[PDB]
Every structure is written in structure tokens, then in C-alpha cells.
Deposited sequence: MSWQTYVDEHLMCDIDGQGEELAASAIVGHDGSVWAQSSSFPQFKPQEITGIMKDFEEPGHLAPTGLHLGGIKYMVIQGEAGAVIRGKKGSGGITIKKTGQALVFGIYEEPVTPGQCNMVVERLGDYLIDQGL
């Protein structure tokens, strides 16, 4: 099915590809439903680094503490044992959520791999 191909190719606790406009292109079975305001805040942080830091990154209501990202290209957050990685591409956002014992470096690897895939196609 569309969902198995997706899960099978975005997996990581959850992953997702969403347009800069907030539309969902693909999301894993366990990815959270989120609010547009959550996407606006992230988009502003790719523009003005450090923008989310003061309030934390929220996604599907979950609060992630912002940590060292890649200015204007990748954002990272910590939550208890796991965290999140978000990479901005020409037209989308690649989201990667990890949990113990997956490592931040492992999540980063997958989000970057997906980013390369989309940028390669002009997305």
C-alpha cells in the first residue's frame, strides 16, 4: 500500500515530508498530527536562527529543547531520551524523530539522505 511504501522508506520513530505550506506529502504511520503555527515557527527559525530557542520547538504539542543545528538548513531538538531533526529543502521539510537507543547521528543520517533525495529532484 501507499502507507507501507512510506513507512518502509521514511523509517526512526517517525518521519515525514511536508511542504513549506504545511501540506503533508508523506508521513509515517506514527507521525503526529501538528498545527500550522508549529510549521510557521519552524519556517521562521530557518530564516532567523535562534528564533525557537527561547520557547522550545513544538510539534504535535510536544516540546523539544532546541540544541545546536545547522544555521538556515537543519534544526535539532532534544526531548528526554530522544529528539528530532528537521531539514529544510527547496520546497519541503524533512522531519525525523528518534528514540533510545537510536542516536541523533543516526536520525541525522536518514533526514539528510531524504533531503538529498528531494533536493536532487528540485524539491
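- Missing from the model, by position in the deposited sequence, are residues 1, 13-21.
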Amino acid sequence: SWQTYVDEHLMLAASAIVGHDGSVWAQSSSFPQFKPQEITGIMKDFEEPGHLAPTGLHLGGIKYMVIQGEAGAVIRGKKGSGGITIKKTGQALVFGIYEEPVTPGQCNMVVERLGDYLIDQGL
From here on, numbers count along this sequence of modelled residues.
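- According to the PDB record, 50-58 carries the higher mean C-alpha B-factor of the two stretches 70-78 and 50-58.
- Legend: mean Cα B-factor per stretch from the PDB entry, 84-92 versus 22-30; the higher mean is in 22-30.
- Annotation for residue 11: C-alpha temperature factor in the highest third relative to the rest of the modelled chain, per the entry.
- In the PDB entry, residue 109 places in the highest third of its chain by CA B-factor.
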